[PDB]
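Enquirer: Numbering of the sequence shown is given in my numbering, commencing with residue 336 and proceeding in unit increments.
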Amino acid sequence: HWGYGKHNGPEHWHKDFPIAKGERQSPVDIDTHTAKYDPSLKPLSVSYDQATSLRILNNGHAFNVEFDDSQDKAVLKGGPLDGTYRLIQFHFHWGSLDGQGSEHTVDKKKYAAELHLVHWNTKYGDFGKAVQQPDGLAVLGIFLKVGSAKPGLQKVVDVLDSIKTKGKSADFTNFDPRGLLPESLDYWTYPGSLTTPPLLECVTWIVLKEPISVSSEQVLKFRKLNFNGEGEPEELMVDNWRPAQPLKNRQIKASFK
Ligand SMILES: CCN[C@H]1C[C@H](C)S(=O)(=O)c2sc(S(N)(=O)=O)cc21
Ligand SMILES: [Zn+2]
Numbered sequence: 336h337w338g339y340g341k342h343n344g345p346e347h348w349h350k351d352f353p354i355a356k357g358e359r360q361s362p363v364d365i366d367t368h369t370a371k372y373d374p375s376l377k378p379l380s381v382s383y384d385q386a387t388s389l390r391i392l393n394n395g396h397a398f399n400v401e402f403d404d405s406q407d408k409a410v411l412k413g414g415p416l417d418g419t420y421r422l423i424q425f426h427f428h429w430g431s432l433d434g435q436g437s438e439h440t441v442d443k444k445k446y447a448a449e450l451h452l453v454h455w456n457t458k459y460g461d462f463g464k465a466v467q468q469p470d471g472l473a474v475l476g477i478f479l480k481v482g483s484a485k486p487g488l489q490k491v492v493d494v495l496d497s498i499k500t501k502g503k504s505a506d507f508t509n510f511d512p513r514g515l516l517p518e519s520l521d522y523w524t525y526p527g528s529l530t531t532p533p534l535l536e537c538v539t540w541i542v543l544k545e546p547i548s549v550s551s552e553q554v555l556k557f558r559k560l561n562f563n564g565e566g567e568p569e570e571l572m573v574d575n576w577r578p579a580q581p582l583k584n585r586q587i588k589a590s591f592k
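As structure tokens, then:
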């Protein structure tokens with residue numbers, strides 16, 4: 336099975352998922368001097384007031400916090416998007432050391448972790464149909480740097496003990512994702528893909544310029560999770576990030592100057 340090890344990591348994915356060598360793969364390095372300011376880009380509209388979280392799960396690759404997407408409760412609009420995108424889940428990617436962990440990079444700089452808030456285009460009816468479309472998903476990416484603690488993240492950190500291994504899930508209701516957002520919503524955007532298999536090229540990436548700060552103790556807790564299931568040899572869940580892919584014939588746009 337695919338993973339992040341030496342024998343099943345990113346360099347091997349192309350054997351089972353040939354699209355790994357495709358034309359619009361993610362993540363990428365964001366060269367701040369070549370990105371172009373596009374004044375036609377609208378500000379992002381994040382409406383998370385009615386978000387209903389349901390559960391937190393360790394799927395063997397990361398931990399996901401899932402939301403009820405049966406209605407337009409928590410949605411993302413505006414920016415480079417056309418239509419309404421519903422929040423379905425969020426997860427993180429992190430490193431074994433503070434100097435690595437993020438998937439996207441900024442002028443080759445790596446952050447300690449990267450948060451992905453995944454949304455799907457409602458015009459396609461269901462998430463499964465959305466992933467088969469070029470504009471089916473919108474993922475909001477937020478960088479994490481180590482510094483002061485992020486209070487809104489603590490409730491997540493505190494429940495990780497209950498989902499240490501692959502397959503474990505815990506009820507996780509009434510969590511407000513607004514607590515994870517930076518002050519500014521300035522962003523870069525480009526067309527890309529999922530960063531894990533199936534690596535489908537159905538994502539409009541929206542990467543925020545402003546990183547959020549989390550404490551050393553908060554990120555340390557992420558690193559205590561396991562890739563393995565209960566009863567199996569312990570493999571710490573760290574470095575679950577894909578390296579930067581070629582930009583090819585794509586242009587990264589910025590909402591700011
Ligand atoms: C572990 C599989 N993860 C996949 C398949 C899921 C069904 S998804 O919600 O389409 C999704 S979103 C991202 S990311 N890292 O580009 O934001 C990866 C994945
Ligand atoms: Zn991700």
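Even for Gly, the Cβ is constructed at its ideal location relative to N, Cα and C.
#1: Between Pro362 and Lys356, what straight-line distance do the alpha-carbon atoms span, to the nearest angstrom?
#2: To which residues of the same chain is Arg585 closer than 6 Å at the C-beta, ignoring the five residues directly before and after it?
#3: Which of the three DSSP states, helix, strand or coil, is assigned to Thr440?
#4: Do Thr530 and ligand 2 come close, with the Cβ less than 7 Å from some heavy atom?
#5: By the three-class DSSP mapping on this structure, what secondary structure does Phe462 have?
#6: Taking just the CA atoms, how far does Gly564 sit from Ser380?
#7: Evaluate contact between the region 517 to 531 and the region 482 to 500, counting only Cβ atoms and requiring at least three cross-stretch pairs below 8 Å.
#8: Return the Cβ separation of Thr419 and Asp403 in integer angstroms, given the expectation that the two are a contact with Cβ distance under 8 Å.
#9: Skipping 5 residues on each side, what residues in its chain have a beta carbon closer than 7 Å to that of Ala484?
#10: Tell me the start and end of each unbroken beta strand (DSSP E) in the region 478 to 526 that is at least 3 residues and wholly inside, in chain order.
#11: Decide if the region 500 to 509 is in contact with the region 429 to 445; the criterion is three or more beta carbon pairs, one per stretch, under 8 Å apart.
#12: If we count Cβ pairs, one from each stretch, closer than 8 Å, do we get three or more for the region 392 to 402 versus the region 420 to 430?
#13: May I ask you to check if the CB of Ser519 is nearer than 7 Å to at least one heavy atom of ligand 1?
#14: Let's see if you can read the secondary structure: which residues bound the alpha helix (DSSP H) around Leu555?
#15: Report yes if the C-beta of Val363 is less than 7 Å from at least one heavy atom of ligand 4; otherwise report no.
#16: Please tell me whether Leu560 and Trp348 are closer than 8 Å, where the distance is taken between their beta carbons.
Expert: In terms of the structure at hand:
#1: 12 Å
#2: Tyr525
#3: strand
#4: yes
#5: helix
#6: 39 Å
#7: no
#8: No, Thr419 and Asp403 are not in contact; Cβ-Cβ is about 15 Å, not under 8 Å.
#9: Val549, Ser550 and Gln553
#10: 504 to 506
#11: no
#12: yes
#13: no
#14: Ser551 to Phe557
#15: This structure does not include ligand 4; its bound ligands are ligand 1 and ligand 2.
#16: no
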